[PDB]
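Below: one structure, written as structure tokens.
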Amino acid sequence: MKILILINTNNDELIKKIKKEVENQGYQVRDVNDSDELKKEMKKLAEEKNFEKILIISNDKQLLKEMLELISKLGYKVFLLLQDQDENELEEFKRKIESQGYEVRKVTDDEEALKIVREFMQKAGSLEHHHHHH
């Protein structure tokens, strides 16, 4: 077990606002904006056998793709929030990952984005602190 709350946002504003939203929730944000940084820390998610509460922010959709492939081989639980201005990117990118059964949400509102993260953390929290089977 170890849950990676995946968030792709187009705004750096959202990255820091989410850091505060999840500061009191115990979800360690990892901001990935370089391919090397991806290939270093994602291997650590596999090599550290600890059941740790992690949140991955990556504003680079290519690094997100690579991330989710890596995650799928490991079978870690993901809750995905996509925030893109252009819905020809947002919708098509979404439905690729949504066809894989991932919890994928769209957003264009900054405040609403933060609230969708609160869903993700509470639902992941029910897996983290063992509730009844859902």
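The sequence shown begins at 3 in the working numbering and counts up one residue at a time. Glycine included, C-beta positions come from ideal geometry on N, C-alpha and C.
Residue range of the unbroken beta strand (DSSP E) whose run includes residue i
{"i": "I9", "result": "6–10"}
{"i": "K108", "result": "105–108"}
{"i": "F53", "result": "It is not in any beta strand (DSSP E) - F53 carries neither H nor E in the DSSP assignment."}
Extent of the continuous alpha helix (DSSP H) to which residue i belongs
{"i": "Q27", "result": "Unbroken run through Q27: none, as it is neither H nor E."}
{"i": "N90", "result": "89–100"}
Per-residue DSSP class, three states only, for residue i
{"i": "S128", "result": "helix"}
{"i": "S74", "result": "helix"}
{"i": "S37", "result": "helix"}
Residue i, buried or exposed, once every other Cβ within 10 Å from all chains shown has been counted against 16
{"i": "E91", "result": "exposed"}
Nearest to residue i (by Cα), restricted to the options the options
{"i": "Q27", "options": "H132, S60, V119, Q85", "result": "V119"}
{"i": "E121", "options": "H132, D112, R107, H133", "result": "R107"}
{"i": "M69", "options": "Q124, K51, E39, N52", "result": "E39"}
{"i": "residue 137", "options": "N12, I59, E50, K46", "result": "For the chain, the structure presents residues 3 to 136; residue 137 sits outside this window and is missing."}
{"i": "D86", "options": "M3, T11, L6, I5", "result": "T11"}
{"i": "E43", "options": "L82, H131, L72, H132", "result": "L72"}
{"i": "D112", "options": "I9, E25, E15, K4", "result": "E15"}
Expected contact under 8 Å - CB spacing of residue i and residue j to nearest Å
{"i": "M123", "j": "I7", "result": "7 Å"}
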